[PDB]
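Protein chains in written order, with the entry's author numbering: chain D, 2 to 97; chain C, 2 to 97; chain A, 3 to 317; chain B, 3 to 317.
Note that the Cβ used here is the ideal one computed from N, Cα and C, for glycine as well.
What follows is a short report on a single structure.
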Amino acid sequence: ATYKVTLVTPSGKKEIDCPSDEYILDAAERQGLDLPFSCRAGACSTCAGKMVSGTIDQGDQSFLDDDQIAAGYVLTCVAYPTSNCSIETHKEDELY
Amino acid sequence: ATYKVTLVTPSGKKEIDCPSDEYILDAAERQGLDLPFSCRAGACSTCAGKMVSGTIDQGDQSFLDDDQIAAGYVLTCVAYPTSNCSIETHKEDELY
Amino acid sequence: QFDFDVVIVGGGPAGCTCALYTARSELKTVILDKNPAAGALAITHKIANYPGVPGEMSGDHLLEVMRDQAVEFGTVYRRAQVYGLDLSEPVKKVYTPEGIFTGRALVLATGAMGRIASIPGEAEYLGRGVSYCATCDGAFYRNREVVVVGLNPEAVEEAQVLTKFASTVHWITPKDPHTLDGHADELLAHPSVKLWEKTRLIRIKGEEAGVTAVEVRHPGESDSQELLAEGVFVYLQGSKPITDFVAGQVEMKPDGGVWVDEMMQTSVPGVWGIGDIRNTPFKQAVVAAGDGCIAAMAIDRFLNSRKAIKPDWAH
Amino acid sequence: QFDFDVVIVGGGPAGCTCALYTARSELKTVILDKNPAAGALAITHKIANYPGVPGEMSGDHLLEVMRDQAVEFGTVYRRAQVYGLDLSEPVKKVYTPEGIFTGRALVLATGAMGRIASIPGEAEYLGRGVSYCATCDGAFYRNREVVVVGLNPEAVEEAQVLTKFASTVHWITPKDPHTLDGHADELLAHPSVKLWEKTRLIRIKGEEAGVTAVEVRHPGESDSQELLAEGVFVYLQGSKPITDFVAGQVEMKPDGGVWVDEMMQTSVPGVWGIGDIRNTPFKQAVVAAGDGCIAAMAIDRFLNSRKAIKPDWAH
Ligand SMILES: Cc1cc2nc3c(=O)[nH]c(=O)nc-3n(C[C@H](O)[C@H](O)[C@H](O)COP(=O)(O)OP(=O)(O)OC[C@H]3O[C@@H](n4cnc5c(N)ncnc54)[C@H](O)[C@@H]3O)c2cc1C
Ligand SMILES: Cc1cc2nc3c(=O)[nH]c(=O)nc-3n(C[C@H](O)[C@H](O)[C@H](O)COP(=O)(O)OP(=O)(O)OC[C@H]3O[C@@H](n4cnc5c(N)ncnc54)[C@H](O)[C@@H]3O)c2cc1C
Ligand code: FES
Ligand code: FES
């Protein structure tokens, strides 16, 4: 199953395809986008984004607390799409 | 069509059934015989045998030359029976 | 990453040994190995005549030791199939799907498990639907039907590659593939794969544009079944030196092996040939390994402009 | 070879800097470094805020320079994973598979790349099939099935270790190993290795004797697969101070980091803690390096019974 992911970056929106078994960040890079990252392991917040629309699976995540997750924040480096979804990128600074 | 294959091994004769779409070696093993093999791909002659009677199809064969084929030698791992036939096993040393 | 002192095509005992010695000479060395399971030594289930290696030993565990040795001394091992070469200039160019590798010296070490085209239409439609490299041609079969011939680890891995592009992957095996004991379970779970077990490919068919179909038949049945296809990938094992990717740029012996001089160097300066690609009657692992050592030492002399061959003895 | 003035556990910027200073003080110093590619600085692709180091610089290149500095001044650098400590006596004992190292002073410098056990059954079967050290436990899995979880240089190096014992090494990665650009090609060429790419280990199960199997699953799929296994080696990267090998022998701040005084000394005399194992919010390389120098100079005063801290200037 492959889901259409629209990333809302500082430069505007860009639509990509992401297989259900691919991380958002990896799909975006494969499709020519440079998005922010450090650990690539769900252990920091450099890759933070925030959900506008739809669903993801970030069970591999280990850095955000439940209030942050419940506010729509997501680590795009370990997030699988579970629907077609919209995500604001470059959202780390809001966590601080 | 299923054919009766009599294999003449160093331990004596044994008759097996071999469907026309099964390799001699595979049929023999399925029926409890331990015969010599290495590549099992027609790319060596560890499994070499020699036609005592009847005929086989070794078009999948790819290691024997025309003189060896014309002398009755066969690679049993890629030989289909095309009749009721008899084959001497363990014949590699005779090829050379 | 891509520019090396030495590029070795093939990671059998010849190539792994050559790399062992060139890496110890502190030459930047890469092995480009199509498939570690596809060489002659890799497929021998028992080897009991390799000197220095006693007891029960399988060919693929012996090769692993040789490969790890080469890497412990600095060799870069890359899984990559070479489909072509540019030998026109002093830096040799080696074409793979993983990229273009460069070497000041090139070693051909691909062995003799090749099967010369066996099936009607195979030679005729080469480069027009018939291929031996899925990582090189697979993308051009997006949403097209393809055929894979052969039951071996190469065939399985190449078919997996093709399931990322093809509409359907028709797999033709002479026996049931569970015979490869789980290696084919993932492939067969793929919704693109149709398994044609216990069938034989009689013929590859087509037009001027290329392949349009294959003719297959169950052994003993006497009536054929046509499957439409645009790509046919053939992975059968044989006895012949794997040389077609060289495209006639080095001289071959009448027997079909690569010609070399006493220092294992081919007709083309800067290019060496070692192991069973040479097609001598002495197809044994320690002989192949020996070729690789000789070439490595000739290469070291060449690349550092030495006065003499320099031995590699313990300090 | 085993008795040292200073034993430093961990070779990141904290440990390498500590060693630089203790070695210059002509204290016999060893770094026991599990894996040079596994620390936080080592995995930084670019670092542009390390003062004194301008331009384009990767974290592992910067670490190499600091390691080389420490060794140039006499540090013994050893690849060795510490699995335990005896802090009961003035001479500290440091247990590794490479042997037992002793120091008159001990420095804990393992960083915060650690993950709390995350997978159902992981905590429950630790010491009963679940392990984080292949050089420690690998020998007990001779001719047995094992699982490696993670795609990072530690996972790759530890899997290579286990291929010398295990029947089969099941490798579970969330990304394709093509994602390390060939860095894993040797591992994957090993005949014992089965690759489970883009899969997750959702559960570890067993009996009272220990682990018998794992449940693996492709993310987004409903179907799972059970794999029989007796060893599960988990190498996932996290955010947490690497402290479990200390087994609670030094006091921890509630945050989980090692507590230390003004001079970087833990609650146990003769034992120092430096860098991100302390779990301050100031996780930067130059801060870590600073900790290491402070501890080195407190250590020099201690071990040479000086009346004051001695500055290291003019050379
Ligand atoms: C069934 C069998 C049993 C044998 N048993 C024994 C035995 O018991 N004892 C003994 O001493 N010898 C034995 N041999 C012979 C021995 O295995 C060979 O002589 C030896 O392996 C040849 O080494 P090589 O490196 O030249 O070729 P190989 O071992 O065939 O290795 C060639 C390598 O090149 C790679 N390659 C091929 N094409 C490409 C390409 N285009 N790009 C990149 N890489 C490529 C292959 O994947 C492979 O890794 C046996 C051979 C066979 C076939
Ligand atoms: C993705 C990422 C990007 C970063 N980017 C920057 C940046 O741009 N600038 C910056 O200033 N900081 C950056 N940092 C922070 C910086 O890397 C850390 O603050 C610093 O590396 C911590 O140093 P350390 O020596 O305490 O631990 P580490 O650097 O993590 O080193 C720990 C060492 O201990 C070893 N070890 C672990 N367990 C054992 C054991 N049981 N036995 C033996 N050895 C063991 C490890 O193998 C490793 O060699 C980044 C961190 C991350 C994760
Ligand atoms: S890059 Fe660190 S959590 Fe995503
Ligand atoms: S077993 Fe090798 S040709 Fe038959």
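Quiz item: Are there 16 or more other CB atoms within 10 angstroms of the CB of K312(B), so buried, or fewer, so exposed?
Solution: With fewer than 16 other beta carbons inside 10 angstroms of its own, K312(B) counts as exposed.
Exercise. At 4 residues or longer, and completely inside the stretch 58–90 of chain C: list those alpha helix (DSSP H) runs for me, N to C.
Key: 67–71
Practice problem: Answer with yes or no whether the minimum CB distance from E147(B) to chain A is below 8 Å. | Solution: no
Quiz item: Would you call the stretch 249–256 of chain A and the stretch 164–183 of chain A in contact, with 3 or more CB pairs under 8 Å?
Solution: no
Exercise. Keeping to the same chain, check which residues put their C-beta closer than 6 Å to that of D293(A); ignore five residues upstream and five downstream.
Key: Cβ within range, chain order: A16, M266, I276, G277.
Self-check item: Neighbour flag for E188(B) against chain A, beta carbons, 8 Å
Solution: yes
Practice problem: Can you grab the Cα-Cα spacing for the pair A287(A) / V213(A), in whole Å? | Solution: Straight-line Cα distance between these residues: approximately 39 Å.
Practice problem: Can you tell me which of the three DSSP states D178(A) falls into? | Solution: coil
Self-check item: Contact list for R117(B) against chain D, beta-carbon separation under 7 Å
Solution: Correct list: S63.
Practice problem: Tell whether a beta-carbon distance below 8 Å holds between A82(A) and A21(A). | Solution: Not in contact: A82(A) and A21(A) (Cβ atoms no closer than 8 Å).
Quiz item: On the three-state DSSP scale, how would you describe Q227(B)?
Solution: strand
Exercise. Starting from the beta carbon of residue 322(B), find every residue of chain A whose beta carbon is closer than 9 Å, and list them in chain order.
Key: Because chain B is modelled from 3 through 317, residue 322(B) falls outside the range shown and cannot be assessed.
Quiz item: Does any residue of chain A bring its CB to less than 8 Å from the CB of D67(C)?
Solution: No, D67(C) does not count as interfacial toward chain A.
Quiz prompt | Pairwise C-alpha distance: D139(B) and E223(A) | solution = 57 Å
Exercise. Consult DSSP for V158(A) and reduce its assignment to one of helix, strand or coil.
Key: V158(A): helix per DSSP, three-state reduction.
Quiz item: Taking DSSP as the reference, what is the three-state secondary structure of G131(A)?
Solution: The answer is coil: DSSP assigns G131(A) none of H, G, I, E or B.
Quiz item: When you compare only the Cα positions, how much space is there between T268(B) and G258(B)?
Solution: 14 Å
Practice problem: Please decide whether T46(A) counts as near chain C, where near means a Cβ-Cβ distance under 8 Å. | Solution: yes
Quiz item: If we count Cβ pairs, one from each stretch, closer than 8 Å, do we get three or more for the stretch 37–52 of chain A versus the stretch 128–136 of chain A?
Solution: The stretch 37–52 of chain A is not in contact with the stretch 128–136 of chain A.
Self-check item: Positions along the stretch 220–248 of chain A whose CB lies within less than 9 Å of some CB in chain C
Solution: The residues in question are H220, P221, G222, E223, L238, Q239, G240, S241, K242.
Exercise. Name the residue from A50(A), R280(A), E156(A) whose alpha carbon lies nearest to the alpha carbon of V262(A).
Key: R280(A)
Quiz item: Where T46(B) and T245(B) are concerned, what is the direct C-alpha to C-alpha distance, given to the nearest angstrom?
Solution: 22 Å
Quiz item: How about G43(D): is its Cβ closer than 7 Å to a heavy atom in ligand 3?
Solution: yes
Quiz prompt | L34(A) to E188(B) span [Cα, whole Å] | solution = 11 Å
Quiz item: Between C18(A), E91(A), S27(A), which lies nearest to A316(A) when the distance is taken from Cα to Cα?
Solution: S27(A)
Quiz item: Can you find a heavy atom of ligand 1 that lies under 7 Å from the Cβ of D94(D)?
Solution: no
Quiz item: Which first and last residues belong to the beta strand (DSSP E) in which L203(A) is found?
Solution: 202–208
Practice problem: Specify the secondary structure class of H192(A) as computed by DSSP and reduced to three states. | Solution: coil
Practice problem: Mind checking the stretch 105–136 of chain A against chain B and listing, in chain order, the residues whose C-beta falls within less than 9 Å of any C-beta there? | Solution: none
Quiz item: With respect to 7 Å, is the separation between the Cβ of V79(D) and the closest non-hydrogen atom of ligand 3 below this value?
Solution: yes
Quiz item: Rounded C-beta distance between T181(B) and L153(B)? I'm assuming under 8 Å.
Solution: Going by Cβ atoms, the distance from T181(B) to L153(B) rounds to 7 Å, so yes, they are a contact pair.
Quiz item: For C19(D), is the beta carbon positioned less than 7 Å from some heavy atom of ligand 5?
Solution: Absent from the structure shown: ligand 5. Ligands present: ligand 1, ligand 2, ligand 3 and ligand 4.
Quiz prompt | Cβ neighbour criterion (16 or more within 10 Å) applied to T56(D) | solution = exposed
Quiz prompt | CB of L108(A) within 8 Å of CB of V273(A), strictly | solution = The answer is yes: Cβ separation under 8 Å.
Self-check item: Cβ neighbour criterion (16 or more within 10 Å) applied to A297(A)
Solution: So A297(A) counts as buried.
Practice problem: Kindly indicate if chain C contains any beta-carbon less than 8 Å away from that of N154(A). | Solution: yes
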